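Worksheet: one structure, shown below.
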Amino acid sequence: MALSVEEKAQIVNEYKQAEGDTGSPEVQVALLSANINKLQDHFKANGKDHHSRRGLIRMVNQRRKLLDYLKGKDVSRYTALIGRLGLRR
RNA sequence: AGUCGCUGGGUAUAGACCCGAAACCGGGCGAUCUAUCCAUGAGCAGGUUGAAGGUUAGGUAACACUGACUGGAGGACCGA
Ligand SMILES: [Mg+2]
Ligand SMILES: [Mg+2]
Ligand SMILES: [Mg+2]
């Protein structure tokens, strides 16, 4: 929950599939990706924060699970999501 | 019966019959050899090996990590 409400409100509308959409995998993956990348700065300065890293790993596993489900449903939608977000490194 | 000479034998102090040390001390001369240093120059054919690093393709949540290409380290190797 390191993302502010403004940042959350910022990225939800760029990845929403329709008005009022906050549960679609694109919003979820984009929500996790922005939080994952933001936390990278914290873990650089705080390298002994093993307890907060457990939460970061969970966000990484959650994003992987969502992308794998999006793989089965619509591969074209999956492809656009990672290209826009720059995943699959 | 001493005393002063002269000559000779002996003695004392002197190198004291001649030659001969290892050494000791004083003043000088030497670092064109050599030992270390200082400054300023010069030399080291040829052939190997293949560190760190880099790039790239992967890979990682990120750091990592892997391959290839590269790179050219070393009181390193063979050898004038
Ligand atoms: Mg000389
Ligand atoms: Mg040598
Ligand atoms: Mg030799």
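Reminder, nothing fancy here: chain letters follow the sequence lines and each chain counts from 1. Note: hydrogens, waters and symmetry copies are ignored here, and every other heavy atom, side chains too, is used.
A distance of 14.5 Å separates CZ in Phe43(A) from NZ in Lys48(A), rounded to the nearest 0.5 Å. Summarising the geometry, atom CG belonging to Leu66(A) is positioned 11.0 Å from atom CG belonging to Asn61(A); distances are rounded to the nearest 0.5 Å. Residue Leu70(A) holds its CG atom at 10.5 Å from NZ of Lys73(A), rounded to the nearest 0.5 Å. Note that the OH atom of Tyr15(A) and the OG1 atom of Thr22(A) stand 16.0 Å from one another [nearest 0.5 Å].
In this strand, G15(B) stacks onto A16(B); the six-membered rings sit under 5.5 Å apart at an angle under 30°. With a 5.5 Å centre cut-off and a 30° plane cut-off, the bases of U32(B) and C33(B) come out unstacked. Neighbours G75(B) and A76(B) form no stacked pair of bases, judged on six-membered rings against the 5.5 Å and 30° limits. In this strand, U60(B) does not stack on its neighbour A61(B) when judged by six-membered ring centres under 5.5 Å apart and planes inclined by less than 30°.
Pairing partner, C19(B): none, since no Watson-Crick or wobble contact has both distances short of 3.5 Å. Both distances falling under 3.5 Å, in either a Watson-Crick or a G-U wobble arrangement, place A68(B) opposite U55(B). Within the shown strands, nothing qualifies as a pairing partner of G41(B) under the Watson-Crick or G-U definition with both distances less than 3.5 Å.
In this structure, the side chains of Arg63(A) and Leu67(A) come closer than 4.5 Å at one or more pairs of heavy atoms. Counting heavy atoms from C-beta outward, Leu39(A) and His42(A) have side chains that approach closer than 4.5 Å.
The side chain to side chain contact (heavy atoms under 4.5 Å, CB included) test applied to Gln17(A) returns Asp21(A), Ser24(A), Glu26(A), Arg77(A), not counting sequence neighbours. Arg64(A) pairs by the salt bridge (charged side-chain N to carboxylate O under 4.0 Å, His left out) definition with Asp68(A), not counting sequence neighbours.
At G58(B) the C1'-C2'-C3'-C4' dihedral is positive, so the sugar adopts a north, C3'-endo-type conformation. Here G72(B) counts as south. Its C1'-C2'-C3'-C4' torsion is negative. With its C1'-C2'-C3'-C4' torsion below zero, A31(B) shows a south sugar pucker. Sugar pucker annotation for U55(B): north, assigned from a positive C1'-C2'-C3'-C4' dihedral. Because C1'-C2'-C3'-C4' is positive for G26(B), its sugar is assigned to the north class.
Comparing the P positions of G71(B) and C44(B) gives an interatomic distance of 26 Å, to the nearest angstrom. Rounded to whole Å, the separation between the P atoms of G75(B) and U55(B) comes to 27 Å. Separating the P atom of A64(B) from that of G54(B) is a span of 10 Å, rounded to the nearest Å. Atom name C1', nucleotides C38(B) and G72(B): the rounded distance is 35 Å, in whole Å. Rounded to whole Å, the separation between the P atoms of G67(B) and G50(B) comes to 15 Å. Taking atom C1' in both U49(B) and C77(B), one finds a spacing of 7 Å when rounded to whole Å. Distance check on atom P: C69(B) versus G47(B) gives 23 Å, rounded to whole Å. For the P atoms, the distance linking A21(B) with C4(B) amounts to 47 Å, nearest Å.
Residue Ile57(A) is in base contact, counting any heavy-atom pair closer than 4.0 Å across all strands shown. Residue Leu56(A) is classed as a base contact, given a heavy-atom separation below 4.0 Å to a base.
Less than 4.0 Å separates RNA chain B from at least one heavy atom of each of the following residues of residues 58-69 of chain A: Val60(A), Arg63(A).
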At a cut-off of 3.5 Å, list every protein nitrogen or oxygen paired with a nitrogen or oxygen from nucleotides 62-65 of chain B, distance to 0.1 Å.
from, atom 1, to, atom 2, distance (Å)
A62(B), OP1, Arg89(A), NE, 3.1
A62(B), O4', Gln40(A), NE2, 3.2
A62(B), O2', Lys44(A), NZ, 2.6

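Taken together, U36(B) and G59(B) fail the test for a Watson-Crick or G-U wobble pair, since the two needed distances are not both under 3.5 Å. No Watson-Crick or G-U wobble pair links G58(B) with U34(B) when both atom distances must be under 3.5 Å.
Atom-to-atom, CZ of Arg88(A) to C1' of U60(B) comes out at 12 Å; the value is rounded to the nearest Å.
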Listing, residues 52-59 of chain A side-chain donor-acceptor contacts under 3.5 Å, not counting sequence neighbours, or none:
from, atom 1, to, atom 2, distance (Å)
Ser52(A), OG, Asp49(A), OD1, 3.2
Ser52(A), OG, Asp49(A), OD2, 2.6

Enumerate donor-acceptor pairs with a distance under 3.5 Å from any side-chain N or O in residues 81-89 of chain A to protein atoms, sequence neighbours excluded.
none

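The two residues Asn35(A) and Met1(A) come nearest to each other via the heavy atoms ND2-N, 3.7 Å.
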